[PDB]
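A look at the structure
What follows is each chain in one-letter form.
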Amino acid sequence: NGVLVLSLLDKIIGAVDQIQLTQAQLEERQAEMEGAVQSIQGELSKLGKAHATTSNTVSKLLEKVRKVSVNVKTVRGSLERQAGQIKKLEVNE
Amino acid sequence: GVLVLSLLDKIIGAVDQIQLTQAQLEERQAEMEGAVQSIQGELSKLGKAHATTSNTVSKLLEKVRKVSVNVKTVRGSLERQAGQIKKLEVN
Amino acid sequence: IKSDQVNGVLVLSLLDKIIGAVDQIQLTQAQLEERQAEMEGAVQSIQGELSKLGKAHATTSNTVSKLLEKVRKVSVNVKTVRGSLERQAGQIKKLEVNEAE
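Our subject in this report is the structure included herewith.

1. Quick notes on the overall build of chain B
- On a plain count of helices and strands, chain B comes out with one helix and zero strands.
- Against the compact-globule benchmark of 12 Å for 91 residues, chain B has a radius of gyration of 39 Å, which places it well outside the compact range.
- Along the longest, intermediate and shortest principal axes, the C-alpha atoms of chain B span 135 × 15 × 10 Å.
- The proportion of buried residues among the 91 residues of chain B is 27%.

Put into structure tokens, the structure is as follows:
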């Protein structure tokens with residue numbers, strides 16, 4: 001039976017051997033992902049500043065476009081006020 | 001003699017718990033790995049999407065300027081035309 | 001190996017190293033779980049921050065597609081205004097040389 005005890009001992013040894021190997025692999029895999037995740041937060045943190053900036057720009061842009069359309073109306077309003085003036089004079093000769 | 005076997009059983013019990021715990025460790029280690037790879041996916045997606053939008057916005061900036069300038073050349077042309085007309089009004 | 005005293009020594013030293021290894025594995029396994037828990041919580045918060053940001057960008061990309069459409073509603077407006085400008089210029093010069101006395 002002493003043979004059965006040793007027979008059972010190196011089986012237990014084998015198990016723990018593998019469990020140690022696999023758990024190494026887990027420690028590694030996990031370290032790796034904590035790394036991935038920390039990259040991602042950094043980059044997500046950056047893209048957020050980026051967008052806030054783009055956002056801020058578009059608002060400027062929206063205001064410039066508003067100014068422009070007002071000028072087109074002035075210039076047009078100014079324009080056929082002249083057309084009226086040009087009509088007045090091609091009427092008197 | 002008999003003490004060694006109780007030990008062995010104690011150890012074996014310990015070891016089997018470890019084998020279950022480690023298998024569920026791997027399994028959600030596997031899950032979060034895939035969650036993380038998804039997150040990199042939609043992020044890097046979003047990052048490109050944003051570059052675009054920003055390239056578009058810069059192109060808009062310059063379109064607006066060009067227009068803005070034209071509207072002013074047109075205002076200035078109309079100022080030259082009004083001067084012209086006013087002397088026609090002398091006769 | 002035939003003797004008892006010696007095999008006893010074998011078993012003893014093996015048994016003892018098995019138990020040290022197992023007690024380390026448990027300590028490590030204790031850690032692995034706590035870290036896996038830390039990260040489900042990080043990952044979800046990341047997910048939360050991220051999808052929030054995509055919603056942010058949608059709003060913007062849409063504002064831009066709007067602004068893009070209003071601008072060459074303004075360029076249409078502008079080159080009809082330029083269009084009538086020299087039509088006016090021609091008819092003015094035609095008054096100026098119609099004049100030409």
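2. Regarding the interface of chain A and chain B
- Facing 37 residues of chain A, the contacting portion of chain B comprises 37 residues.
- Overall, the association of chain A and chain B removes approximately 3,200 Å² of surface from exposure, summing both partners, and the carbon and sulfur fraction of that is 79%.
- Along the contact surface separating chain A from chain B lie one salt bridge.
- Here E33 of chain B makes a salt bridge to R29 of chain A, at a shortest N to O gap of 2.8 Å.
- For the pair chain A and chain B, the number of links is six residue pairs in polar contact.
- Taken together, the residues of the side of chain A that touches chain B sort by class into 24 nonpolar, nine polar and four charged.

3. Re empty space enclosed by the protein
- For the structure on display, the rule yields one cavity of 30 Å³ or more.
- Here the largest cavity defines a volume of roughly 50 Å³.
- Around the largest cavity sit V65 and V68 of chain A, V64 and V67 of chain B together with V71 and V74 of chain C, which together line it.
- Elements with a minimum of two residues in the lining of the largest cavity: helix 1 (2–89) of chain A together with helix 1 (3–88) of chain B.
- Residue composition of the lining of the largest cavity, by class: six nonpolar, no polar and no charged.

4. Digging into the interface of chain B and chain C
- Listed by partner, the interface residues are 36 residues for chain B and 40 residues for chain C.
- A buried area of about 3,100 Å², summed over both sides, lies between chain B and chain C, and 76% of it is on carbon and sulfur atoms.
- The interface formed by chain B and chain C includes one salt bridge.
- Its salt-bridge partner being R28 of chain B, residue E40 of chain C comes within 3.8 Å of it at the nearest N-O pair.
- At the surface where chain B touches chain C, the tally comes to six residue pairs in polar contact.
- Each residue belonging to the side of chain B that touches chain C can be placed in one class, and the counts come to 23 nonpolar, 10 polar and three charged.

5. Re the layout of surface pockets
- Reported here for the largest pocket is a volume of approximately 340 Å³.
- Lining the largest pocket are 13 residues; nearest its centre among them are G2, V5 and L6 of chain A together with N7 and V11 of chain C.
- Going through the elements one at a time, helix 1 of chain A, helix 1 of chain B together with helix 1 (4–71) of chain C are the ones with two or more residues in the lining of the largest pocket.
- The element that contributes the greatest number of residues to the lining of the largest pocket is helix 1 of chain C, accounting for five residues.
- Considered class by class, the residues forming the lining of the largest pocket number seven nonpolar, five polar and one charged.
- Considered as a void within the structure, the second largest pocket measures approximately 240 Å³ in volume.
- In this structure, the second largest pocket is lined by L89, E90 and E93 of chain A, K87, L88 and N91 of chain B together with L95, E96, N98 and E99 of chain C.
- Mapped onto the lining of the second largest pocket, the elements with two or more residues apiece are helix 1 of chain B together with helix 2 (74–99) of chain C.

6. Observations concerning the pattern of salt bridges
All names here are of chain A.
- Counted according to the given criterion, the structure contains seven salt bridges over all chains.
- The salt bridge involving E63 is made with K67; its shortest N-O contact spans 2.5 Å. With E63 and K67 both in helix 1, this residue pair falls four residues apart, about one helical turn.
- Members of the salt-bridge network, linked through shared partners, are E63, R66 and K67.

7. A closer look at a nonpolar patch on the surface
All names here are of chain C.
- Together, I1, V6, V9 and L10 give the surface a local cluster of nonpolar side chains, amounting to about 360 Å² of exposed area.
- Of note, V9 is situated in helix 1.
- Using a relative accessible area of 52% as the deciding quantity, one classes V9 as exposed.

8. A few points about the side chain of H51 of chain A
- By the element assignment, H51 of chain A lies in helix 1.
- Taking the relative accessible area as the measure of exposure, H51 of chain A reaches 9% and is therefore buried.
- Apart from residues lying up to four places away in sequence, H51 of chain A is in contact with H50 of chain B together with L53, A56, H57 and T60 of chain C.

Rules behind the numbers
- Residues numbered from 1 in each chain as written, not as in the entry; some residues may be left out.
- Chains lettered and ligands numbered in written order.
- Heavy atoms only, no water.
- Helix = DSSP H or I, 4+ residues; strand = E, 2+ residues; numbered from the N terminus.
- Rg over C-alpha atoms; globule rule 2.2 N^0.38 Å.
- Buried < 20%, exposed > 50% of the residue type's maximum accessible area, 1.4 Å probe, protein only.
- Contact = heavy atoms within 4.5 Å.
- Buried area = accessible area lost by both parts, 1.4 Å probe.
- Salt bridge = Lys/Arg side-chain N within 4 Å of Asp/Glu carboxyl O.
- Polar contact = N/O pair within 3.5 Å; in protein donor to acceptor, adjacent residues only side chain to side chain.
- Nonpolar A, V, L, I, M, F, W, Y, C, P; charged D, E, K, R; others polar.
- 1 Å grid on protein atoms, 1.4 Å probe; cavity = no way out; pocket = protein on both sides within 12 Å on 5 of 7 lines; lining within 4 Å.
- Points joined across faces, edges and corners; volume = space filled by probe spheres on them.
- Patch = residues over 30% accessible without salt bridge, like charges linked within 9 Å, V, L, I, M, F, W, Y side chains within 5 Å.
- Areas by Shrake-Rupley, 256 points an atom, 1.4 Å probe, with all protein chains shown as cover.

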